[PDB]
Amino acid sequence: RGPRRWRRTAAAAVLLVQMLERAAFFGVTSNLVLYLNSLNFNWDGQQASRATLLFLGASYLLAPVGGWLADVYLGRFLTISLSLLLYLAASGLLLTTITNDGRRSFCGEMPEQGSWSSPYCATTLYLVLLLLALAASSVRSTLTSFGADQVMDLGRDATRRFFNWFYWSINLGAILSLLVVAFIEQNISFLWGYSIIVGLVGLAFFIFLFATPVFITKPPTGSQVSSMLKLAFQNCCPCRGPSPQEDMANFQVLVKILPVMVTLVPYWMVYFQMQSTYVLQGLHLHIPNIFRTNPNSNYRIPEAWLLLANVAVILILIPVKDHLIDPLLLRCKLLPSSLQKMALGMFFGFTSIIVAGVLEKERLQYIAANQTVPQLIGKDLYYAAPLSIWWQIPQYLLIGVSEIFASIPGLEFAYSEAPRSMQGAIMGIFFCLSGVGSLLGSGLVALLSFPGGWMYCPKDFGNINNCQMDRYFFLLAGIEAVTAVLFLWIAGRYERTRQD
């Protein structure tokens, strides 16, 4: 019974460790801003937003670096070990920074503008965030690769099911983390929240350690990035250790896979910016009220339960989506290619953003009637509209369906078409391109923030009343449509190369 034992226990352990790691990551990034803006660091809100954006970007852009450092000589198991160790170290060091003793011992003393580094304990916190992001990205990439290695040849449909329940466990960890950790952080001292975070991290590390006799591995592969870029140049340059045949094969497969992820970059940009603007729009609705009643205990809504609702919408779909649709399409034999499933996901995303633009048009026309209403989520009061947050539920359902249909075939394709060696490398490159799209969308929002722009309401202390985001929604829709067209073209090209 040993075979099935090790297989299923390894799958379950990988799922649980990824769940705990994503939980820790979400628990951190949900209230990193509030932690920075606390009375113990005196950081400015602009600096906190910059730190959060740079943290996300650094994580996403260091994912490929960590995956490559793994795949070159480090090995997936040892890389997960060291990355979880670095994650635990960063979490514990941040926990000690929370304590006044560690705070004064590590980065000087509390001081007696912009990039001048006037915020207290700037360099130490920046290095901590960089190391934590690198560790989280390495864990994510190498653990996805390891779980796919586990759910290898025994079943390909089993591999698809594995990616499905993998995203499901990610969403479950996200839900648990958001709810519990955010409640603890904004209602009790941050010490308890970060302590339970570092405890979850240590528990996940110990589970991974225990799983060692169960987890299976392979010898380290080669094809360093030096030789990779050298052959790429040689193929590309005019006059201005594996075998070379294996390096050429890896280069060819990389050339094949690159356009797909490059065309996926705009989709990830649109998705991240759409999630952000959806949170922003839901913020300005009539969110239901718990016993706090905010008359101008357990008050200060955790500001992250909208993301919790979104992740819950994404979650519920996954099991029913799989169980119904996959056997259904299998028996109906109208089964499309993974690229066409991504196209269907992009179409569902276009539908969701159109519905969101219409909903925002209704919201703005309702505000035009001057039927304002106050509400205070977090530490920032916002004026809202008489509309209800329950109208955001259909568009959240649509965007969740889109996200699932795009993401599951995404990683499925990314792993399957990749060669056994370059699996984690292409996973890391996929994460890097997703993060590059996210950063490009943030930069586009920054350019739109320019005076005379669609989003230029400064005096509104950061409320979307005077700002006009309907045009922004329509532009996102158009960009998504163009991206879908280009993706169909790249998919046809990839199919023609596949038959080649």
# chains A, B, ... in the order shown; residues from 1 in each chain; ligands from 1

call {"tool": "residues_around", "arguments": {"residues": "residue 295 of chain A", "least_positions_apart": "4", "cutoff": "12 Å", "atoms": "only C-alpha atoms", "output": "list in words"}}
result
residues 289, 291, 299, 300, 374, 375, 376 and 381 of chain A

call {"tool": "residues_around", "arguments": {"residues": "residue 455 of chain A", "least_positions_apart": "4", "cutoff": "10 Å", "atoms": "only C-alpha atoms", "output": "JSON, numbers by chain"}}
result
{"A": [445, 446, 447, 448, 449, 450, 451, 464, 466, 467, 468, 469, 471, 472]}

call {"tool": "write_last_selection", "arguments": {"atoms": "N, CA and C atoms", "output": "mmCIF file, in the first residue's frame"}}
result
data_model
loop_
_atom_site.group_PDB
_atom_site.id
_atom_site.type_symbol
_atom_site.label_atom_id
_atom_site.label_comp_id
_atom_site.auth_asym_id
_atom_site.auth_seq_id
_atom_site.Cartn_x
_atom_site.Cartn_y
_atom_site.Cartn_z
ATOM 1 N N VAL A 445 -2.022 53.429 -13.974
ATOM 2 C CA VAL A 445 -2.867 54.174 -13.043
ATOM 3 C C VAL A 445 -2.154 55.439 -12.580
ATOM 4 N N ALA A 446 -0.837 55.348 -12.381
ATOM 5 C CA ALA A 446 -0.065 56.522 -11.980
ATOM 6 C C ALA A 446 -0.075 57.592 -13.067
ATOM 7 N N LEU A 447 0.059 57.183 -14.330
ATOM 8 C CA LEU A 447 -0.012 58.141 -15.432
ATOM 9 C C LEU A 447 -1.405 58.750 -15.538
ATOM 10 N N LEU A 448 -2.439 57.941 -15.300
ATOM 11 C CA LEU A 448 -3.805 58.458 -15.319
ATOM 12 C C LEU A 448 -4.050 59.423 -14.164
ATOM 13 N N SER A 449 -3.290 59.272 -13.079
ATOM 14 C CA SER A 449 -3.415 60.142 -11.914
ATOM 15 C C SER A 449 -2.994 61.573 -12.225
ATOM 16 N N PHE A 450 -2.288 61.770 -13.342
ATOM 17 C CA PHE A 450 -1.830 63.079 -13.798
ATOM 18 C C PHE A 450 -2.990 64.067 -13.858
ATOM 19 N N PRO A 451 -2.741 65.361 -13.598
ATOM 20 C CA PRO A 451 -3.815 66.363 -13.696
ATOM 21 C C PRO A 451 -4.559 66.320 -15.021
ATOM 22 N N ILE A 464 -13.866 58.218 -4.707
ATOM 23 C CA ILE A 464 -14.084 58.195 -6.150
ATOM 24 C C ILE A 464 -15.293 59.000 -6.600
ATOM 25 N N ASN A 466 -15.917 62.418 -7.194
ATOM 26 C CA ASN A 466 -15.670 63.307 -8.325
ATOM 27 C C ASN A 466 -14.936 62.596 -9.453
ATOM 28 N N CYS A 467 -14.119 61.598 -9.123
ATOM 29 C CA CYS A 467 -13.397 60.854 -10.143
ATOM 30 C C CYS A 467 -14.369 60.058 -11.013
ATOM 31 N N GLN A 468 -13.973 59.853 -12.273
ATOM 32 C CA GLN A 468 -14.802 59.176 -13.270
ATOM 33 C C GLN A 468 -14.082 57.900 -13.714
ATOM 34 N N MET A 469 -14.454 56.775 -13.100
ATOM 35 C CA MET A 469 -13.788 55.513 -13.401
ATOM 36 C C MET A 469 -14.557 54.670 -14.409
ATOM 37 N N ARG A 471 -14.943 55.481 -17.599
ATOM 38 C CA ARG A 471 -14.043 55.511 -18.744
ATOM 39 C C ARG A 471 -12.881 54.553 -18.518
ATOM 40 N N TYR A 472 -12.395 54.481 -17.279
ATOM 41 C CA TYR A 472 -11.320 53.567 -16.913
ATOM 42 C C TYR A 472 -11.755 52.118 -17.104
#

call {"tool": "residues_around", "arguments": {"residues": "residue 56 of chain A", "least_positions_apart": "5", "cutoff": "9 Å", "atoms": "only C-alpha atoms", "output": "list in words"}}
result
residues 29, 51, 61, 133, 435, 438 and 439 of chain A

call {"tool": "closest_residue", "arguments": {"among": "A:161, A:284, A:292, A:8", "to": "residue 462 of chain A", "atoms": "only C-alpha atoms"}}
result
A:284

call {"tool": "select_by_dssp", "arguments": {"residues": "segment 115-283 of chain A", "states": "helix (DSSP H, G or I)", "output": "NGL selection string"}}
result
:A and (122-150 or 156-187 or 190-210 or 225-236 or 244-283)

call {"tool": "residues_around", "arguments": {"residues": "segment 93-106 of chain A", "least_positions_apart": "2", "cutoff": "10 Å", "atoms": "only C-alpha atoms", "output": "list in words"}}
result
residues 35, 40, 41, 87, 88, 89, 90, 91, 108, 109, 110, 121, 124, 125, 128, 129, 132, 189, 190, 191, 192, 193, 194, 195, 197 and 198 of chain A

call {"tool": "write_last_selection", "arguments": {"atoms": "N, CA and C atoms", "output": "CSV table (one decimal), in the first residue's frame"}}
result
chain,number,residue,atom,x,y,z
A,35,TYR,N,0.3,48.4,9.6
A,35,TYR,CA,1.4,48.1,10.4
A,35,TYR,C,2.5,49.2,10.2
A,40,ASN,N,4.3,53.2,16.0
A,40,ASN,CA,5.6,52.7,16.3
A,40,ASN,C,6.7,52.9,15.2
A,41,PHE,N,6.3,53.4,14.1
A,41,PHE,CA,7.2,53.7,13.0
A,41,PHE,C,7.0,55.0,12.4
A,87,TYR,N,11.8,32.5,5.2
A,87,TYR,CA,10.5,33.1,5.5
A,87,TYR,C,10.3,33.1,7.0
A,88,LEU,N,10.6,32.0,7.7
A,88,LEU,CA,10.4,32.0,9.2
A,88,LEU,C,11.3,33.0,9.8
A,89,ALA,N,12.6,33.1,9.3
A,89,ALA,CA,13.5,34.1,9.9
A,89,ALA,C,13.0,35.5,9.7
A,90,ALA,N,12.5,35.8,8.6
A,90,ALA,CA,12.0,37.2,8.3
A,90,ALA,C,10.8,37.5,9.2
A,91,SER,N,9.9,36.5,9.3
A,91,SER,CA,8.7,36.7,10.1
A,91,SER,C,9.1,36.9,11.6
A,108,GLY,N,18.6,51.4,15.3
A,108,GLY,CA,18.7,52.7,16.1
A,108,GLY,C,17.6,53.0,17.0
A,109,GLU,N,17.2,54.3,17.0
A,109,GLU,CA,16.2,54.8,17.9
A,109,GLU,C,15.3,55.7,17.1
A,110,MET,N,14.1,55.9,17.7
A,110,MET,CA,13.1,56.8,17.1
A,110,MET,C,13.6,58.2,16.8
A,121,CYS,N,13.5,53.4,10.8
A,121,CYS,CA,13.9,52.0,10.5
A,121,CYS,C,13.6,51.7,9.1
A,124,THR,N,16.3,48.7,7.4
A,124,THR,CA,16.1,47.3,8.0
A,124,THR,C,14.7,46.8,7.5
A,125,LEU,N,13.7,47.6,7.6
A,125,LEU,CA,12.4,47.1,7.1
A,125,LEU,C,12.4,46.8,5.6
A,128,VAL,N,14.1,43.5,5.2
A,128,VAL,CA,13.2,42.4,5.7
A,128,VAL,C,12.1,42.1,4.7
A,129,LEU,N,11.5,43.2,4.1
A,129,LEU,CA,10.5,43.0,3.1
A,129,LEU,C,11.0,42.3,1.8
A,132,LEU,N,11.7,38.6,2.7
A,132,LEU,CA,10.4,37.9,2.9
A,132,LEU,C,9.7,37.7,1.5
A,189,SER,N,-3.7,43.8,19.4
A,189,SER,CA,-2.3,44.2,19.1
A,189,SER,C,-1.8,43.4,17.9
A,190,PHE,N,-1.0,44.0,17.1
A,190,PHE,CA,-0.3,43.4,16.0
A,190,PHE,C,0.6,42.2,16.4
A,191,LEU,N,1.0,42.2,17.7
A,191,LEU,CA,1.9,41.2,18.2
A,191,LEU,C,1.2,39.8,18.0
A,192,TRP,N,-0.1,39.7,18.4
A,192,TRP,CA,-0.8,38.4,18.3
A,192,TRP,C,-0.9,38.0,16.9
A,193,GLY,N,-1.2,38.9,16.0
A,193,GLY,CA,-1.4,38.5,14.6
A,193,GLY,C,-0.1,38.0,14.0
A,194,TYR,N,1.0,38.8,14.2
A,194,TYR,CA,2.3,38.3,13.6
A,194,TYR,C,2.8,37.1,14.3
A,195,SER,N,2.5,36.9,15.6
A,195,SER,CA,2.9,35.7,16.3
A,195,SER,C,2.2,34.4,15.7
A,197,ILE,N,1.0,34.3,12.8
A,197,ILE,CA,1.6,34.2,11.4
A,197,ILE,C,2.9,33.4,11.5
A,198,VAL,N,3.8,33.8,12.3
A,198,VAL,CA,5.1,33.1,12.4
A,198,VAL,C,4.9,31.6,12.9
